[PDB]
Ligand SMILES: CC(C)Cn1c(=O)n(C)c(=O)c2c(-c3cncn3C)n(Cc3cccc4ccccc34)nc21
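Presented as structure tokens, the chain that follows is alone, the form solved without the named molecule.
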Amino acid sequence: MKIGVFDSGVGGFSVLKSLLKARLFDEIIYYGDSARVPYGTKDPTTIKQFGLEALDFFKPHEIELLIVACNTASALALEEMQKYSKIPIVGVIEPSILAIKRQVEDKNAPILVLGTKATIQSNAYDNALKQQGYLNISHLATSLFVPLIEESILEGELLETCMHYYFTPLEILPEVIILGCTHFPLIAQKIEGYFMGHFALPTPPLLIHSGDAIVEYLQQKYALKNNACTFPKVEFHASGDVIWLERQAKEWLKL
């Protein structure tokens, strides 16, 4: 099975890491729009067009399924992309809602959604959660986490201060935190550590990882493919420098 994975840049590698572990797909065509990243700071019209242009990229590749690894593109462009695609397109938002339903029994559990400005502005998560009966949802655009993570600021005073900046105004302590952005898994332990330290919690809030949630969805849509692939072929493509993009895979994938 040959698939595509689309992201604004290298963030999509956090989804790719999950995909690789699932051993579902024999061939993966990765495309990161690294000339135009970030998407999260930009507007619905721009991101929609970016999503359609991604469809054009994948045409000659004869993929069977397209994964939109980007939470921003999932929130803003997925519906438009599905309108103009014959293949299934799967984004990272809906599978996370499904993961919530499996992991969060109490409809009143406080859930906090973290994402880019565009993702949070869309209310994609809030709407889908409300539709599933969840009553206690907060959201926060933790925009600066993205550039910090791009700069490998994954610990230390600057990361702590940035987390404190965004989290300090929170009205409700979350029991569940959705990592609604490709980059956030890289600081998941730090986020857990923030809440435990600041609120004297012996264990952290439950974190939802977009890559693991999409994998859980795919593992049952393509059940015949579980553990099918001994070692996948992966092609790396970028609109920016493709060596720059591929170079980052080692870190993100823990190669």
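In case it trips you up, residue 1 is the first one in the sequence shown, and so on. Definition used throughout: the rigid core is the maximal C-alpha set that superposes within 1.5 Å between two forms.
**Q** Quick check on the record: does 33 to 41 or 216 to 224 carry the larger mean Cα temperature factor?
**A** Looking at the record's C-alpha B-factors, the answer is 216 to 224.
**Q** Do the C-alpha atoms of 120 to 128 or of 166 to 174 have the higher average B factor in the entry?
**A** The entry gives the higher C-alpha B-factor average to 166 to 174.
**Q** Sort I47, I191, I208, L201 by C-alpha B-factor from the entry and give me just the highest.
**A** The record points to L201.
**Q** Per the entry, which of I89, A75, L144, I137 tops the list for Cα B factor?
**A** Of the candidates given, the C-alpha B-factor peaks at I137.
**Q** With respect to C-alpha B-factor, does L179 fall in the lowest, middle or highest third of the chain as deposited?
**A** As the PDB entry reports it, the C-alpha B-factor of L179 lands in the lowest third of its chain.
**Q** So where's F13 on the chain's Cα temperature factor ranking, which third?
**A** As the PDB entry reports it, the C-alpha B-factor of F13 lands in the lowest third of its chain.
**Q** Ranking the modelled residues of this chain by C-alpha B-factor as given in the entry, is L55 in the lowest, middle or highest third?
**A** According to the entry, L55 has a C-alpha B-factor in the chain's middle third.
**Q** Using only modelled residues of the chain, where does the Cα B factor of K21 rank: lowest third, middle third or highest third?
**A** Middle third of the chain for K21's C-alpha B-factor.
**Q** Is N71 in the lowest, middle or highest third of its chain when residues are ranked by C-alpha B-factor?
**A** As the PDB entry reports it, the C-alpha B-factor of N71 lands in the lowest third of its chain.
Separately, the form deposited with the named molecule bound exists; it is not shown, and the next lines address it.
**Q** Identify the site as open or blocked, taking the pose of the named molecule in the deposited bound form and overlaying it via the site C-alphas; a blocked site has 3 or more ligand atoms within 2.4 Å of a backbone or C-beta atom of the shown form.
**A** Blocked.
**Q** If you check in the deposited bound form, is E175 within 4.5 Å of the named molecule, heavy atoms only?
**A** No.
**Q** Does any heavy atom of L24 come within 4.5 Å of a heavy atom of the named molecule in the deposited bound form?
**A** Contact with the named molecule, no.
**Q** So, in the deposited bound form, is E150 in contact with the named molecule at a 4.5 angstroms heavy atom limit?
**A** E150: contacts the named molecule in the deposited bound form.
**Q** Is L154 near the named molecule? Define near as a heavy atom within 4.5 Å, in the deposited bound form.
**A** Output for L154 is yes: heavy atoms within 4.5 Å of the named molecule.
**Q** Counting only non-hydrogen atoms, choose the one of 176 to 184, 102 to 110, 157 to 165, 77 to 85 that falls within 4.5 Å of the named molecule in the deposited bound form.
**A** That would be stretch 176 to 184.
**Q** Any chance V10, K17 and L253 all have a heavy atom within 4.5 Å of the named molecule in the deposited bound form?
**A** Every listed residue reaches the named molecule in the deposited bound form, so yes.
**Q** Would you give me the residues of 118 to 146 that have any heavy atom within 4.5 Å of the named molecule in the deposited bound form, in order from first to last?
**A** Counting only heavy atoms within 4.5 Å of the named molecule in the deposited bound form, no residue of 118 to 146 makes contact.
**Q** If you fit the two forms on their rigid core, which residue out of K42, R36, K225, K48 shows a CA shift of at least 2 Å between this form and the one not shown?
**A** Shifted by 2 Å or more: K225 only.
**Q** Please check if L201 moves between this form and the one not shown, taking a CA shift of 2 Å or more relative to the superposed core as movement.
**A** Yes, the C-alpha position differs by at least 2 Å between this form and the one not shown.
**Q** Taking the shown form as reference, are the C-alpha positions of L224 and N71 brought closer or pushed farther apart in the deposited bound form, with a change of 3 Å or more?
**A** Nearer in the deposited bound form, by 3 Å or more.
**Q** Can you confirm the direction of the Cα distance change for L207 and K250 in the deposited bound form, closer or farther than in this form, given it is 3 Å or more?
**A** Distance between the C-alphas of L207 and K250: longer in the deposited bound form, by 3 Å or more.
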